[PDB]
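Please treat every number below as a calculation from the coordinates, not as lab data. Methodologically, a virtual Cβ is constructed for each residue, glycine included, from the backbone with ideal geometry; neighbour enumeration extends over all protein chains shown.
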Amino acid sequence: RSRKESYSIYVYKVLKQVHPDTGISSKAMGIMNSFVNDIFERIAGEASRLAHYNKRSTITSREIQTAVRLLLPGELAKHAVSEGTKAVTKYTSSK
Amino acid sequence: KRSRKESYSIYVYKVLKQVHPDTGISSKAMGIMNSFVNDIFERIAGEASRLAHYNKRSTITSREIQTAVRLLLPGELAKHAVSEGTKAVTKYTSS
Amino acid sequence: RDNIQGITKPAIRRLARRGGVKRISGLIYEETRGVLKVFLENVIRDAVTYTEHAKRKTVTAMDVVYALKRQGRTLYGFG
Amino acid sequence: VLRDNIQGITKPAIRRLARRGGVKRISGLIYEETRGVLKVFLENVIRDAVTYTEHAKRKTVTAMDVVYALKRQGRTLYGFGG
Amino acid sequence: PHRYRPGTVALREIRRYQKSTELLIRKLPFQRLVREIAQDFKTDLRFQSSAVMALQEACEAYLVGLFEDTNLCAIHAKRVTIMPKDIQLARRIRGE
Amino acid sequence: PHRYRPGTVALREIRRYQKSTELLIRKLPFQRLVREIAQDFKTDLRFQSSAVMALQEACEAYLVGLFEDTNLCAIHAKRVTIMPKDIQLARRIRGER
Amino acid sequence: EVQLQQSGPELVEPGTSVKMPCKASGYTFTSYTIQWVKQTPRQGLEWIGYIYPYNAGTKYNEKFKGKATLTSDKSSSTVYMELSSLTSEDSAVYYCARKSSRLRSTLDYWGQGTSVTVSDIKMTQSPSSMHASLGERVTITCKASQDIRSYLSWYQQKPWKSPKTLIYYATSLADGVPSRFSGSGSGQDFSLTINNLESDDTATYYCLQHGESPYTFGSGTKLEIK
Amino acid sequence: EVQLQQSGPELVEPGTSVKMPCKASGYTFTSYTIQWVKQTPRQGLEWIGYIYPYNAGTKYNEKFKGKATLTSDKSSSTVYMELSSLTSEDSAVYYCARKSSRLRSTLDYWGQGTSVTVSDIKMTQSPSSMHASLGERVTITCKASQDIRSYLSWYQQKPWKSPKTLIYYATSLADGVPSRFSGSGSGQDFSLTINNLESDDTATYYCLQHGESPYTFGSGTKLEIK
Amino acid sequence: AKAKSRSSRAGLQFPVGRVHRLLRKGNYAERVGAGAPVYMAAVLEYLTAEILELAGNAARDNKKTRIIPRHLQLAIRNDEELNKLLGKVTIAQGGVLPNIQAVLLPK
Amino acid sequence: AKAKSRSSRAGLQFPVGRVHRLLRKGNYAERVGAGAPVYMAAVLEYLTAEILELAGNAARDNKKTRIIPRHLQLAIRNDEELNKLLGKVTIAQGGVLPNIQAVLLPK
DNA sequence: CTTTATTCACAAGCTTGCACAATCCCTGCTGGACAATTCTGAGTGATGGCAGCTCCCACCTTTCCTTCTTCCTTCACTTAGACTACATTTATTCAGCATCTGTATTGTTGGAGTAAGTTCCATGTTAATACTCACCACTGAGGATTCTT
DNA sequence: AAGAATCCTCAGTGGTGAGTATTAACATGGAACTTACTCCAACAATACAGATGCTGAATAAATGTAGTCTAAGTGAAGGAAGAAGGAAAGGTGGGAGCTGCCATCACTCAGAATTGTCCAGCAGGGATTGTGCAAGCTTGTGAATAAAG
């Protein structure tokens, strides 16, 4: 066979973090995997276009922050920017 | 000392003088033509990139461009564009 | 091969009841069959193009998902 | 500091935009609705253009940023670059 | 006997089919329709079960959304019955 | 004196403005509106002339196309006067609401 | 797949009008123009006009303006032709032909032809008629008056049958046409070459331009086998 | 930009009903819920319910169910609050507050509040009232009866003024709030720290949980300087 | 030194390394700036957590322990920002919102 | 060593070399075969030729000898295919197609 | 004709009994992290200059406010038929089983085809240039329109 | 049926100035050429999963009938929008100055790719439960009919 990867264990870890009594079905896991892949493609494509517009050959967290400000609506974008900034600060402050 | 911009305004004029010898063009219409050629280039190239990524291939060939033309362009437009691309590739791989 | 009559009158009635339609005219069903045929041809043509590019003789769910997507009709839950 | 400039989109301008759209009769409450719709569209496009400008570390909004904003919202505009 | 006035069972059907999530077209006629439509593009090609299932989910969702816009057009025309002109207007505004 | 019936001038205005190509809104009020709207996002911004020009063609094309959809909604309701309910229905079907 | 249904033969007394339908099936009806041509023994094929159902846009020949009007019905997928004031020289076979809005495309599919019976670029074809054996090569020349940028088409017509498209864009093969037929030439000089013949090549061959606004057919070359 | 306009005070006879407007501006009205909080000097602040103008979705507290009715009008961007069968314990200040539909978001912008006069999980705040100098450190505890996923907010209220949002998500600072204030803690133990004092900080500080369906405020601390 | 991962360095659940590999091989840019996968993974984890929390709340109000795609559809369509993000998105076996127009009701 | 650019070898006017460079630098794939810019330049040249010829015909039936964006809009919007390709596209200074609904005409 | 007690049918809630999918556990294995080196691309500064402001003006076209008329919208009735609701008959689908074979996938090999580096020269961009086309002014004919005939 | 003043739009003219097409200067990027490496056709095998067929019980679809209620046509009344004139006010095009900011250039230095190793996290397969689906029973409720005032 051929080892196809997904986000099922990651989405399940997030679900047991925010709801430590609530399970999920296989179909809802497929919906969640499609959602994560679709949003990944949208943010990565917007960041790629942002890097291409400014004659840049790298994608940094500034491009990802601007892309998140573009695709996501208002408070969704604000909280996602806060989460991303917090994670990048924690990653830099701890190797 | 400022750098130079590049466009399709020279080749579009050559195609115009082929299809209409006694016919000029305004600068605004040339801007529309440049935007059109750029838009169709990004559409076909992105479509072909997605086609190569879906099939786990690492190169864009003329088969990917042909399939992208078939998917993007409507019927007789796609038929004649496939005809032109096939004739040009046949003419290019003979000299 | 006909088979557009297999999309029967109460099936279109159920699809309209899910859409919130209370009263349905008698000429709705043929128009709905034509609309469904046009949409199905547009999706299936792109799915078969994606299948033929892969040198395959089988239309997979991935080809249908890519075809749907290209029309701005992204479908979740099939990979 | 500008204030109350949506009233500068006058009633004859909205009537001309309706005539180009093929409209024969226009009600009196159409104009305020059109001002609100044009305002909402303008804040969406201008917000995306200002985001594209601030990513480029510029204080000047260019036409190319407006073109990328319009392309982003599915309203691709020809003849202004790109 | 007992008989409901018109519009009562219709509203009951609206509530019932908006409460549930199961598909409303039978699977075999849709499979035959998909195969015959694909016959014009390919002479002899097979179909995954998931492919037909994804096609059915997408087609039913499209038809439900178009019937929502059709009902909105019918209500805007001061009617409660949907006509083919409402479908044509909704598909014209949608760009189809 | 001499007067035209209602709808006669309104049809010649349709025939006049559909064959012309230029902008229908005055340039300076639209530029002031654009600067007023953009001042709520970033202070001391400075647009180019072509940026305001592109914004004006985009807004006028959007408004004209919405007016055709509004006219279709009005004609569907057996009317010739467009109303705010027609604008709301067109924006509802288009996905803008 | 693509069919252009028509009506039967209409016997018509002079003075009144006649209607011809072109009920179309097998394709998206609004995306292709429907063109009407007429055929007489006296002067052969000539183009009457067309009607684009996408915007119902008509364009007629200069000698058929007023004589012929064209309408379309999108709901029934039909195109109707009206001929008014039928004179004596109006007994003809009237054909409707699908043609895409692309300039390269031609009258690829034709109708059966309604027989109506009543009680500019000059096309020069050098061979009026020729005879051939069962295996030799035939060349047909279609030198034109003005310059057409490869917008020439070659058609084969059996007796009492609709014309069949062979060559479009002066070199490209039509759908289903074998590689025996080969178009060549550009500008004003064009030619059709039949490589090896069969018993089915006994037919009349026409060349049609669509580079200018009035489309003109060829004089017609009759090819008879053995 | 964002403001929530509320009416003046009401002198109501008991047994009647009173309407309360919450006219809103400066933001997209449908994308944010409007919450209603009642404030008495004996029970403190009590969350009543919220209206979502996107789907007109209501949710009420159990002790205000039936007694309070929330409605929305999207044309004038207004939120209406109905109180019927006025009991003598209704002399209170009613605030309407904006809150996004995101779970992390809190009651960020508040209205001025209408003073009406008739003619679960419990937050424990350890200091009821404390005295601090001009440059001391202030630490306020908000021990929770149950577990919340860091869904706690800290508010500051001046006398005869609307509450001001200081801290959301138990650590994040609100818009415009200086970095002297610092929230900390999670789960059931939370704390708010004032770093250095000013004369502005003479206020009452509250903590609100919104991790479960009935939202509960804290008892509040009175902090006065010199 | 025991090879701790980047997600635990950033305090995340979504993989920083897999997101870095997909960004590298996905033909988006010549280089990836190594703080971009941390930001991306944080944004994906936040959106997943918000959707899953709203879906679990919908399942609890529906008195169900498990989340089915109906709960995801009810979570997405009842939120304005989530429905704006996924306006052109079909959720399989999700149904529609219960919504009857006010004119169609009797009296 | 000599002449014969890749456009002249393929019988084109659109630059095969510039299209190859834009395909390489556009971050579409890791490799680009050397038939893809030829096919791509041919398709772009055909589309440019079709739009420019239709716009030249629209200018010719306007007693004009210069293409303005009005002629391009008239060429694009009068075609089923072309309108479909460029259906979500705004042309600056192009106007609209002259049409009035039949119920608005007086009778 | 106006409220109101039966009658009625429907969906909702409660209570077991399973079995299908969900959770978890074991095992390889492959992709991620560590670590040192090399190789850049992108941040600091400093310049030069252009283009975006801001102000002044004088004109005249656009806009706004009144007044009158008309004709379009909205309400109220009437009715005709086309829908809905329902019982009965009928046919079709579903679900499980079994066989079958065409295909999708995995594995290996190697040759064709593409990337990379130098050179250089031919092409494309920019600046300077000379007329062309189309834009107003101005008569001038033709239809279109509202009106008295 | 017809006759007629009356504003509005195309059809030509003539001028000319705005822009477009034409002509050097050069620099940059595309072509020639060679080498190195890796990517994907091309067979070969093999399971597997999509096709086809049967079959007996669910299950919906088809049909015909009765009866309601709704779409649509007609009319009349009223008010809200169009057309027009006269006054006012602001857009526009031109002409400055001023400077703030954008794009260019150079440097270098921190970060990102490279590459080899090694392990630990994740995907696949298999037991293991446990939630919700089904079936049956009771119930509250809304809809529609028959009674009483």
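Summary of values
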read-out	value
Checklist (1) over 30 Å from residue B:85 (Cβ atoms); (2) of a type in the set (S, T, N, Q); (3) touching a strand residue (DSSP E or B) at 6+ places or on another chain (Cβ under 9 Å) applied to residue G:196, failing item	(3)
Check on residue G:166, over 21 Å from residue G:59 (Cβ atoms), out of contact with any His (no Cβ under 9 Å at 6 or more places or on another chain) and buried (at least 21 other Cβ atoms within 10 Å of the Cβ)	yes
Matching entry among B:68, B:29, B:45 (being within 12 Å of DNA strand L (Cβ to nearest atom) and under 23 Å from residue D:71 (Cβ atoms))	B:29
Criterion: surrounded by 19 or more Cβ atoms within 10 Å (Cβ to Cβ) and touching a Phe, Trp or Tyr at 6+ places or on another chain (Cβ under 7 Å) - qualifying residue of C:11, C:61	C:61
Residue in region A:24-47 that is within 15 Å of residue J:25 (Cα to Cα), out of contact with any helix residue (DSSP H, G or I) (no Cβ under 7 Å at 6 or more places or on another chain) and facing chain I (nearest Cβ under 8 Å) present	no
In region A:1-18, residue farthest from residue I:13 (Cα to Cα) [restricted to those that are near DNA strand K (Cβ under 10 Å from one of its atoms) and part of a loop (DSSP other than H, G, I, E, B)]	A:1
First in region C:22-47 and under 11 Å from residue E:87 (Cα atoms) and among the aliphatic types (A, V, I, L, M), second anywhere and within 16 Å of DNA strand K (Cβ to nearest atom) and outside any helix (DSSP H, G or I), Cβ under 7 Å, 6 or more apart	C:28/E:82
Region G:171-226 - residue that is acidic (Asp, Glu) and within 14 Å of residue G:121 (Cα to Cα) and, of those, nearest to the chain's Cα centre (by Cα)	G:212
Residue selected from region D:1-12 under the condition near DNA strand L (Cβ under 10 Å from one of its atoms) and part of a helix (DSSP H, G or I), by the criterion nearest to residue F:57 (Cα to Cα)	D:8
Unmet requirement for residue A:50, which otherwise passes all of (1) farther than 20 Å from residue D:82 by Cβ; (2) more than 7 Å from chain I (Cβ to nearest Cβ)	(1)
Residue check, residue D:24 within 11 Å of DNA strand K (Cβ to nearest atom), of a type outside the set (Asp, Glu) and buried (at least 22 other Cβ atoms within 10 Å of the Cβ)	yes
Out of F:54, F:90, F:38, F:58, sole residue that is away from DNA strand L (no atom under 11 Å from the Cβ), more than 8 Å from chain D (Cβ to nearest Cβ), closer than 28 Å to residue D:68 by Cβ and of a type in the set (A, V, I, L, M, F, W, C)	F:90
Those residues of region G:127-142 which are part of a loop (DSSP other than H, G, I, E, B) and exposed (fewer than 13 other Cβ atoms within 10 Å of the Cβ), in sequence order	G:128, G:133, G:134, G:135, G:136, G:137
Which numbered condition residue F:18 fails, given (1) in contact with a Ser or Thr (Cβ under 9 Å, 6 or more places away or on another chain); (2) more than 8 Å from DNA strand L (Cβ to nearest atom); (3) not charged (D, E, K, R)	(1)
Residue list for region C:13-31, filter: assigned to a helix (DSSP H, G or I), at the interface with chain E (Cβ under 7 Å from one of its Cβ atoms) and touching a helix residue (DSSP H, G or I) at 6+ places or on another chain (Cβ under 6 Å)	C:14, C:15, C:16, C:17, C:18, C:31
Sole exception among (1) surrounded by fewer than 17 Cβ atoms within 10 Å (Cβ to Cβ); (2) over 20 Å from the mean Cα position of the chain (by Cα); (3) not small (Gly, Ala, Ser) for residue G:82, by number	(2)
Test: residue in region I:59-81 that is facing chain A (nearest Cβ under 9 Å), among the charged types (D, E, K, R), out of contact with any helix residue (DSSP H, G or I) (no Cβ under 9 Å at 6 or more places or on another chain) and surrounded by fewer than 22 Cβ atoms within 10 Å (Cβ to Cβ)	yes
Positions within region F:41-50 being facing another protein chain (nearest Cβ under 7 Å) and more than 8 Å from DNA strand K (Cβ to nearest atom), in sequence order	F:41, F:42, F:44
Selection within region B:36-78 - of a type in the set (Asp, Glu) and closer than 19 Å to residue C:54 by Cα	B:47, B:64
Tally, over region E:11-33, of residues that are more than 16 Å from residue E:64 (Cβ to Cβ), hydrophobic (A, V, I, L, M, F, W, C) and within 7 Å of chain C (Cβ to nearest Cβ)	2
Region I:59-95, residues that are more than 25 Å from residue F:94 (Cα to Cα) and over 15 Å from the mean Cα position of the chain (by Cα)	I:59, I:60, I:61, I:62, I:63, I:64, I:65, I:66
Residue selected from region C:67-79 under the condition surrounded by 21 or more Cβ atoms within 10 Å (Cβ to Cβ) and in a helix (DSSP H, G or I), by the criterion nearest to the other protein chains (Cβ to nearest Cβ)	C:68
Matching helices (runs of 4 or more DSSP H) fully within region J:1-86 where at least 1 residues are within 12 Å of DNA strand K (Cβ to nearest atom) and not charged (D, E, K, R)	J:6-9, J:16-25, J:36-60, J:69-77
Region A:64-85, residues that are within 7 Å of chain I (Cβ to nearest Cβ) and within 12 Å of residue I:40 (Cα to Cα)	A:64, A:65, A:68, A:80, A:83, A:84
Unique match (being within 10 Å of DNA strand L (Cβ to nearest atom) and in contact with a helix residue (DSSP H, G or I) (Cβ under 9 Å, 6 or more places away or on another chain)) among I:33, I:26	I:33
